[PDB]
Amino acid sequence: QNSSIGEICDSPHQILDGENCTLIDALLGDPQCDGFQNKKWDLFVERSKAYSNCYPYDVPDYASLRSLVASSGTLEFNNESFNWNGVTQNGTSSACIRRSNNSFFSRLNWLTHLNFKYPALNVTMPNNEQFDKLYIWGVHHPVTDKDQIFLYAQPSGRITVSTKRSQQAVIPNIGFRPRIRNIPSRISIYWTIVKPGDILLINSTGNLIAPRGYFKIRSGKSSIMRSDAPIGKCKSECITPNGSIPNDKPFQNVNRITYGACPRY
């Protein structure tokens, strides 16, 4: 096989079009991506035109987190009621506008001090389910020591997200960084998988971007594909970033990246 139709057939596979959204923006809750909440897909197609329009952030191991959610095939999110006693929740920012108001990532709770007191937070979450939980949390990096003190009443914030198997400790990096939507600060995003029977543990003294719940980790038969090809009304079992392709011939030279039953390369 050597030619492609140029379009991605919406059948028989479940095709979810990202449009102006990446997977991580839909994962975190960028207000332009709220329409992607809880969505299921067999193949999720990221676009080149996808862009971030919320609070500026990085993900240290971006490639692997993008692989976990892509395989689960779902963005299903179940809220949990953490006991954030003594802190101000629902932190908002003018860089992440939702419905003409200052907002933030839908799936993230940015905690600030309460009455200029912000105590050592300790929360346990048991994961009594029969399936892997994916917790998404972050670390805020204030621009100045003045910004650190004003937000958290703590010059040296520390964060530790632990389980019975793993532990992650992150320290903020105070400093100036190029203004993104008028924000010289940033946020580092991390994730933790809590397997059934294991407890999620959080030990934040400052700067925490608290999670709001978990994502379900399903059987990884789904995947992700970078492609600019349009989504079309047709039926084809093989899918390549150049478009859908028939699977009658035994070999193909269109693209090495494929999804579904495809000819060998």
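Numbers for residues come from their place in the sequence shown, where the first is 1.
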Quiz item: Mean C-alpha B-factor higher for 230 to 238, or for 203 to 211?
Solution: 230 to 238
Quiz item: Per the entry, where is the mean C-alpha temperature factor higher: 43 to 51 or 216 to 224?
Solution: 216 to 224
Quiz prompt | Maximum C-alpha temperature factor, selected from 163, 74, 122, 182 | solution = 122
Exercise. State the tercile, meaning the lowest, middle or highest third, of residue 106 with respect to the CA B-factors recorded for its chain.
Key: lowest
Self-check item: Where the record places residue 65 (Cα B-factor, split into thirds across the chain)
Solution: lowest
Quiz prompt | For residue 135, the third of its chain into which the C-alpha B factor falls | solution = middle
Quiz prompt | residue 86 - which third its CA temperature factor falls in, relative to the rest of the chain | solution = highest
Quiz item: If you rank every modelled residue in this chain by C-alpha B factor, which third holds residue 152: lowest, middle or highest?
Solution: lowest
